[PDB]
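A.B. asks: One structure follows; several queries about it will come next.
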Amino acid sequence: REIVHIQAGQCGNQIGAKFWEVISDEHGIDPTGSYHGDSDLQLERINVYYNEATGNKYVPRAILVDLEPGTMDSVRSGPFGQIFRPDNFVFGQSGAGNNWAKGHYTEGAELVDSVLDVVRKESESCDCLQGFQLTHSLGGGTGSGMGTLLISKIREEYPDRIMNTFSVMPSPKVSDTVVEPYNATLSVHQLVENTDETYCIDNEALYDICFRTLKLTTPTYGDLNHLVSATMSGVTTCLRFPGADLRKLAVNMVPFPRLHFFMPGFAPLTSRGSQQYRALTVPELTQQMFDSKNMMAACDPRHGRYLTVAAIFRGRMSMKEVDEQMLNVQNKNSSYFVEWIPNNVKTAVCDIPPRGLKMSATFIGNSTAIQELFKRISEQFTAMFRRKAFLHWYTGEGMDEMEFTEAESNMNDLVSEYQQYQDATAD
Amino acid sequence: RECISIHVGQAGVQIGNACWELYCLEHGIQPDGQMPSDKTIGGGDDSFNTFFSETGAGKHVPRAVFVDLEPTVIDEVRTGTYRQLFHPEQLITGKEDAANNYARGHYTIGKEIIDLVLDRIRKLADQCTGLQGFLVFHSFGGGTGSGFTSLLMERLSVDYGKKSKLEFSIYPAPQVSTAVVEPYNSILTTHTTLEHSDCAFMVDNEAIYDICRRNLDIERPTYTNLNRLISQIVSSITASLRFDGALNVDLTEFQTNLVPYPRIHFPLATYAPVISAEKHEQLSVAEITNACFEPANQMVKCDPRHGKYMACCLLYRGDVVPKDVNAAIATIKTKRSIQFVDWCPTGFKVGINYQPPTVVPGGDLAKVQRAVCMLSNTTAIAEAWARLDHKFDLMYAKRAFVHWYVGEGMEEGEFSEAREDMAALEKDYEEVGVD
Amino acid sequence: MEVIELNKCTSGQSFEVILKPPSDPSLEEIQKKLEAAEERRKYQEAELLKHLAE
Amino acid sequence: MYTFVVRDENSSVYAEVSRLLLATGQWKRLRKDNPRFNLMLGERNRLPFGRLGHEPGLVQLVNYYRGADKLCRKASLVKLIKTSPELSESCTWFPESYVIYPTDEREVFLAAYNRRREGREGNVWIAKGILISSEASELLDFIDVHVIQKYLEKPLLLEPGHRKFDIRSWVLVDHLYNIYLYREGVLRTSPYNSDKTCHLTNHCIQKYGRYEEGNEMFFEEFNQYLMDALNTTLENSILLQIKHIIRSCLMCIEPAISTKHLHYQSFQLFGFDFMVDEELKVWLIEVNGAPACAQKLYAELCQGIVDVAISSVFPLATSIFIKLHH
Ligand SMILES: C=C/C=C\[C@H](C)[C@@H]1OC(=O)/C=C\C=C\[C@@H](C)[C@@H](O)C[C@H](O)/C=C\[C@H](C)[C@H](O)[C@@H](C)C[C@@H](C)CC[C@@H](O)[C@@H]1C
Ligand SMILES: Nc1nc2c(ncn2[C@@H]2O[C@H](COP(=O)(O)OP(=O)(O)OP(=O)(O)O)[C@@H](O)[C@H]2O)c(=O)[nH]1
Ligand SMILES: Nc1ncnc2c1ncn2[C@@H]1O[C@H](COP(=O)(O)OP(=O)(O)CP(=O)(O)O)[C@@H](O)[C@H]1O
Ligand SMILES: Nc1nc2c(ncn2[C@@H]2O[C@H](COP(=O)(O)OP(=O)(O)O)[C@@H](O)[C@H]2O)c(=O)[nH]1
Ligand SMILES: [Ca+2]
Ligand SMILES: [Ca+2]
Ligand SMILES: [Mg+2]
Ligand SMILES: [Mg+2]
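Chains as they are written, first to last, in the working numbering: chain V, 63 to 489; chain L, 2 to 436; chain A, 1186 to 1239; chain H, 14 to 339.
Below is the structure:
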C-alpha cells in the first residue's frame, strides 16, 4: 500500500517539490496539509503518499536529501514548503561539487546513515510498504552518486521491496558541467542492478518540447520541471486513484530484469495561443501521446520496438472512444510492437484529471529505442575517458580507473541487449 | 449432503459475491440472514441447506470461505448488502498479493497461509453431517487465483481424499485485463490442478464481454455486469444441488454425466436467453434450445460443429414442459451439425426446474419466463487451450518475464513440465475428436 | 427417439432423451516442493546480501 | 488502413490478390506471424482457425472455409454424397464411386462390378497415382486410401481430333455465403482410344497444342462449337447442369461451415471439375479447394476476389460473376 518518497540533490528536490505541489492540489490538500477537496475519490487512496497527522492533517511521506543546504532552504520557502515534516529534511554543508565520487563515497557516506534513519522511521509506520520512489538527476553529484548509494543501502535493509526512480538524464544541450557523462554512466551501472523501474527523463527532450511545441523561446528549469511534475502526476494516477501496486506494475512492464528503463510521455502539449481553452478530443490525445515530439527521452520510438506500453487517460471521456483510438494506433504502428509478447499495450482511465485540464493522457513505454539514449552517453563518456580527461577529480576521491571501465562495459552490454530484442521476431 | 464454496482471489471473491447475492434472492433470504419461508428455525435438512447452515437466532449462513492475499476486495463482503450473512472466520485476507505471479501465489505466500485456510475450511466441514465436496471459484490469470488455488486443490485431495471438487474458472481475455503474464499463470495452474479437479467450468471473459455488448447493449461492460451474467450461469448449474430435483443432485453426478475421461473434464456452458432489462419478445423452448448451438451464446468462443460431443446436458428454468424439449430436440438434430463420438450414445440429459430465473432488481438482465443452460463436453473447447498455449509459446521462446517466477523460488523446468502436460491435453482432445 | 428415467419432483422434472445408441502427491511431497522453493529464494537473498556487503 | 498477412507462399491466385491489395494504397502486409491483421491469406494445411476472431477490436477475414475439405478430399466427397440426405437419392450427376482402404466398401464394389461384367456392360473404372483398368483385380493390387470410380466410357469428343476434355469452373463463396460463379471457365483437352495420355486431361499429363493454345479452350469458342456442331448452346446444354451441381454441393454443407454469426469470417475460391458425356449430360469429377487459374484469367478473377470477397468486408474509400441463388 504505502510508498516512501525520497528526493536527492538539486534536480531531485526541485522536481520533487513540484510533484508534491501538483498532487497535493489534486488531492485537495492545501499548503498547510489541511484537506479542502470535494470528492471521496481524493481521499480514497490518500495514504499511499501521505501520512495522517492529528486533526485530519496530511503530511507527505517524503524524505528530502542534499549535501549543501541551498535547495532545501528554497523548498521550505516555496509554496507548499510548510507541508513537509521538519525532521524529514536531511542535509549537509560540503556539497558534492557535481562529482559522483563525492556523492557516493566521500561526502555522501557521511550523511547516508542519517537518511536511513528517517527512512526507517517512515517505514516502521507503514501498514504494508509497497516500495520506494527516488527522484534525482544522473548528471550531478548528490542525486547521482549519493542517490545510487542510498538505493544500495535501502536494498540491503529492504531487499524484498520495490525500488523505482524518476531519473533526469544529462544532455549537452542542457548541461551544467562537462563531467555529466561520467556521473550518468556510473549511475546507470547502479540503476541496471538495483531498481525495478526507472523513468528516463531527458533534459534535451524536455527542452525541445518547450521550444518546438510549447513555443517557449527561453525555457527555464521551472518550465522543464512543470512538464516533469505533470508527467509524474500522470504515471502515478493509477497508484493514487481507484483503478495496481508497484510490484504488479513491474511484473507486467518488465519482461527481462535489466531492461526496465521507461520512456514517459504526456498530452496535451499545446501552445497557449487562444487554443488552450479548446476542448481536446480523444483522437487528439491519443495521436499526440504516441508522437515522437511528445516523448520525454530524446529517443525516436520509430527507431526501435515496444516491449510493453501502458497508457493512462484522465478525465471524463468515452471509454469506448478510448479503446477505438488505442486500437487504431496499434494498427498504424503494428511494426513497432514486438509480436512475441501478446497484448502488450494496455489502457487505464481515471475520472479525476489534472488541475486546469478537462482531460489528459500519460504514456509509459518500455521501448528498445531507449538504447539510443544510453549509446549517446557512452559516446560522450568514451570521448573523454580515452584521454582520461577530467579524471583527476574522481581519482582524487580514491576511485580507480577500473571502476570507470566496468561502468562503461556494463552500459554497452545494456545497449547490445536492447539491440538483440529489437531484432528478435516470432519466426 | 453439504457443499462448501471456496472463493480465491479477486475474481473468485467478486463472482462469489454476485452468486451468494443471487442465491439469497432465489431462496428468499433477506440480507440480514433471516428466511421467512423456513418454518424450521435453527435446523432442518431441506434442499437449500446444502448451501446454508442455520444459527439459533434463525440466520442462514452460506457454506463459504473467501480467501485473498490482499484485503480490499474481501472488505467489500465485510461491508456489502449481505455482510450480515457471514462471520469473520469465513473471510481470510493477507497483506500483499501475488502481483499476478503464480510462483508468488503458490510458493512464497501460499506456503504461509494454506494452513489457516485449511483450518477455516475444516471448521465448516465439521458442521457437515455428510460433506459432498467443494466448489472452487478463481481466475486463471491472477497470481492468487492461479497460484494459491492449485496449492489449495493439492491439499484438498490430501485432506478430503474421498470428496469431489468442482471448479468455476475465469479464462483470461485481453479486452478486460491489464496483465500480460496470464498465459503463464493459466498453464501453470491447469497443469498443477488437473489431477485434482473432477469437473471445471471455464468462463472466457471475452465471451461474457461480447454477450454483454451485444445482448445487453452495454458500450463497455464492468466487472459488475460480467459477474451478474456469470452468476446466472453458476446459479443454473448449481440449482440442482439447491432445489428439490432429480438431475445433478450431488457433485459426483457432474462427473458421471459429463466426464468419461478424467483429464477431459471441462464442459462447454451455453446460456439463453440474455435480454436487456431496458427492452420484449418472449422466446420459445425450441428457440432457446436452438440458441444453445449458437457460438455467440457460449461461455467460451469456439465452434462445436468442428468437434465431437461426449455428453450433453440441458438445464431449463421456468415455463418448460418435457414435450416442448423433445419436439425442439427432434427439430434441431435434423438441422444442426451435431456429431457425438461413436462410442457414446447420442442423447441429452434434461432437467427442468419450474422456478423461472431470478435477477438482481435494477440490474441489466430482464426477467424472462424460461431459460436454459446447456452443459456439453465437446472436443471443440480444445480451441481455447490452443489459443492459450500459443500465447505462452510466444513469450516463453524468449523467456520473457520468466525471471519473475524463478525469483520466487520456482524452477524454469516447471514451465516446461506444465507446457508439455498441456501439449498432451491437446493431443488427448484430438484423438477423441478427429478422424 | 426414446425418453427414459422421467422423475417428477414437485419443483420440476428430469429425464433422458436418447436419439442413437453408440458403437497423487502426499502431504510430505508437497512440503518438499514448498520448502525447496523457500530455500532457493533464501539462497538468492544470501547472494544479494553477500554481494552488497562486498 | 487495412492490414493483411500472407501464409501460402505458393498461392498462384492470392499472390495476385496480395499485389492488388497493395496497389490500392489502403492495404499493408505485416509479417506472416503478426496477429493483428484484418485479412489472412492462409496456408493450405493446418490453418489455425481456432486462433481467429479473438483480437480485440479487429474484424478478421480468412480465405478458407473451415470444414470445406469434406467436398475437396476425393474420399470425403464420396462419403458426403452417399450419406447426405440432401444428395443421396438426388445425385444423378456423380459417377458411381466407392471408398477402399489398403467404413469400407470393398464388398459393395465387387457387388456392382459383378452386375456389370455379368450383364456384359461397360465395366471400366479409374482408381485415384491413377490407374484406369477394366479388371477389378488389376485395380486393387494398385491400391495395396483411394476411390474407385466408374470411368465414363462415352465421353463427348471434340472434333476434329476425337479428343476428351474436362471443364473447370471457378466458384467464389463470400462471407455471407452467396455463391458466385465466374463468367469464365476453361476446357482442358487431350485422340480418345477406346496409354494414359488421351485418357488423362490434366494440364501436366499433357505438357500438344496445335488445336488450341495451351490445350485450353475458353467459353466463347466452346459455345460457338456447340452451336456449329450440335445446334445447342453452352448455357442450355451444360451450364444449367453445372450451376445445379455447384448449388447442390455448396448448399449441402452450408450449415456445417457457414461463418455468419461466427466470431471470424470466411470466404473461399473453389475449382469444380466436370465431364460431359455424348448425351450432353454433365458429371462432377472432383472439387478443388486450392485452385490455380488459367494464365489468361488471373487478372480479371483476382480483381473479382478483391471486389466481392475482400473489399466487401473492408471497403475502400459491370459484373464478372453469376450469382447462384438460395
Ligand atoms: C505553456 C503552455 C501552458 C498551457 C497549455 C495551453 C496547456 O494547457 C492547457 O491548454 C490548459 C490548462 C493547463 C493547466 C495546468 C496544466 C497548469 O499547470 C499550466 C501551467 O500554468 C502553464 C505553464 C507552465 C508554467 C510550464 O511553462 C509548462 C511547460 C507546463 C506544462 C504541463 C504545459 C503543457 C501544455 O500543453 C498545457 C497542458
Ligand atoms: N469476470 C471477472 N473477471 C475478473 C474479475 N476480477 C478479476 N478478473 C479477471 O481475473 C484476472 C485477474 O486476476 P485476479 O483475480 O484479479 O488476480 P488475483 O487472483 O486476485 O491474484 P493477485 O491480485 O495477483 O494476487 C484478469 O483476467 C481479470 O480480467 C471479476 O470480478 N470478474
Ligand atoms: N470417372 C471418370 N471418367 C472419365 N475420366 C475421368 C474420370 N475421373 C477422372 N478422369 C480423368 O482423369 C483426370 C484426373 O482426374 P482427377 O481430377 O480425379 O485427378 P487430379 O485431382 O490429380 C487432377 P486435377 O486436381 O487437376 O483435376 C481428369 O482430368 C479426367 O479427365
Ligand atoms: N530538469 C531539470 N534538470 C536539472 C534541474 N537542476 C539540475 N538539473 C540537471 O541535473 C544535472 C545536474 O545535477 P544536480 O541535481 O544539479 O546536481 P546535485 O545537486 O549534486 O545532485 C544536470 O543534468 C542539470 O541539467 C532541474 O531543476 N530540472
Ligand atoms: Ca430451517
Ligand atoms: Ca485434386
Ligand atoms: Mg546543480
Ligand atoms: Mg488481487
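Where is the CB? At the ideal position from N, CA and C, for every residue including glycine.
1. Can you pull out the residues from the region 119-142 of chain L whose beta carbon lies closer than 7 Å to at least one beta carbon of chain A?
2. Are the CB atoms of residue 355 (chain L) and residue 1196 (chain A) within a distance shorter than 8 Å?
3. Starting from residue 486 (chain V), find everything on chain L with Cβ-Cβ shorter than 8 Å and list it in chain order.
4. For residue 386 (chain L), which three-state DSSP category applies?
5. Under 5 Å, CB to any heavy atom of ligand 8. Which residues pass, going along the chain?
6. What residue range is occupied by the uninterrupted alpha helix (DSSP H) comprising residue 262 (chain H)?
7. Would you check if the region 48-57 of chain L and the region 467-480 of chain V touch, i.e. whether three or more CB-CB distances between them fall below 8 Å?
8. When every heavy atom of ligand 6 is checked, does at least one fall within less than 7 Å of the C-beta of residue 301 (chain H)?
9. Sorted by chain position, which residues of the same chain lie with C-beta nearer than 6 Å to residue 10 (chain V)'s C-beta, five sequence neighbours on each side aside?
10. Return no unless some Cβ of chain V is closer than 8 Å to the Cβ of residue 1233 (chain A).
11. Check each residue of the region 275-300 of chain H: if its Cβ is closer than 8 Å to any Cβ of chain L, include it; give the result in chain order.
12. Considering only C-alpha positions, which residue in the set H:80, H:20, H:308 is nearest to residue 226 (chain H)?
13. Does the Cβ of residue 292 (chain V) lie closer than 7 Å to at least one heavy atom of ligand 1?
14. Spell out the partners DSSP gives residue 231 (chain V) in its beta bridges.
15. Going by the DSSP bridge assignment, what does residue 286 (chain H) pair with across the sheet?
16. To the nearest angstrom, how far is the alpha carbon of residue 182 (chain L) from that of residue 70 (chain L)?
17. Following the continuous beta strand (DSSP E) through residue 21 (chain L), name the residue where it begins and the one where it ends.
18. Counting only beta-carbon separations shorter than 8 Å, does residue 1219 (chain A) have a partner in chain C?
19. Less than 7 Å between the CB of residue 71 (chain L) and some heavy atom of ligand 2, yes or no?
20. For chain L, is any of its Cβ atoms less than 8 Å away from the one on residue 1223 (chain A)?
21. Please report how far the alpha carbon of residue 270 (chain H) lies from the alpha carbon of residue 79 (chain H), in whole angstroms.
22. According to DSSP, which residues form a beta bridge with residue 63 (chain L)?
23. Does residue 168 (chain H) have its Cβ less than 8 Å from a Cβ in chain L?
24. What does residue 69 (chain H) reach in chain V if we use C-beta pairs closer than 9 Å?
25. Could you work out which residue in V:248, V:179, V:290, V:402 is closest to residue 327 (chain V) when comparing CA atoms only?
26. Pull the bridge partners of residue 281 (chain H) from the DSSP assignment, please.
27. Tell me the residue span of the beta strand (DSSP E) that contains residue 202 (chain V).
28. Can residue 289 (chain V) be considered in contact with ligand 1, in the sense that its beta carbon sits closer than 7 Å to one or more heavy atoms?
29. Confirm the yes/no value for this check: CB of residue 64 (chain H), any heavy atom of ligand 1, distance under 7 Å.
30. Count the other C-beta atoms from every protein chain shown that fall within 10 angstroms of the C-beta of residue 336 (chain H), then say buried if there are 16 or more, exposed otherwise.
31. Check each residue of the region 1203-1215 of chain A: if its Cβ is closer than 8 Å to any Cβ of chain L, include it; give the result in chain order.
32. Along chain L, which residues have their Cβ under 8 Å away from the Cβ of residue 302 (chain H)?
33. Ignore the nearest five residues each way along the sequence and tell me which others in residue 250 (chain L)'s own chain have a CB closer than 7 Å to its CB.
34. Would you call the region 419-431 of chain V and the region 457-477 of chain V in contact, with 3 or more CB pairs under 8 Å?
35. Looking at C-alpha atoms only, which residue of L:327, L:366, L:93, L:377 is the closest neighbour of residue 1188 (chain A)?
36. Do residue 296 (chain V) and residue 371 (chain V) come within 8 Å of each other at the CB atom, strictly closer than that value?
C.D. replies: On the basis of the data shown:
1. none
2. yes
3. 399
4. helix
5. L:11, L:98
6. 253-270
7. no
8. yes
9. In the structure displayed, chain V extends from 63 to 489; residue 10 (chain V) sits before or after that span and is not available.
10. yes
11. 275, 276
12. H:308
13. yes
14. V:264
15. H:181, H:299
16. 18 Å
17. Premise fails: residue 21 (chain L) lies in the alpha helix (DSSP H), 10-28, not in any beta strand (DSSP E).
18. This model lacks chain C altogether; the protein chains it does include are V, L, A and H.
19. yes
20. yes
21. 6 Å
22. L:53
23. no
24. 385, 389, 405
25. V:290
26. H:186
27. Segment: none, residue 202 (chain V) is in no beta strand (DSSP E) and carries neither H nor E.
28. yes
29. no
30. exposed
31. 1203, 1204, 1205, 1206, 1207, 1208, 1209, 1210, 1211, 1212, 1215
32. Simply none; closest approach about 16 Å.
33. 241, 242
34. no
35. L:327
36. no
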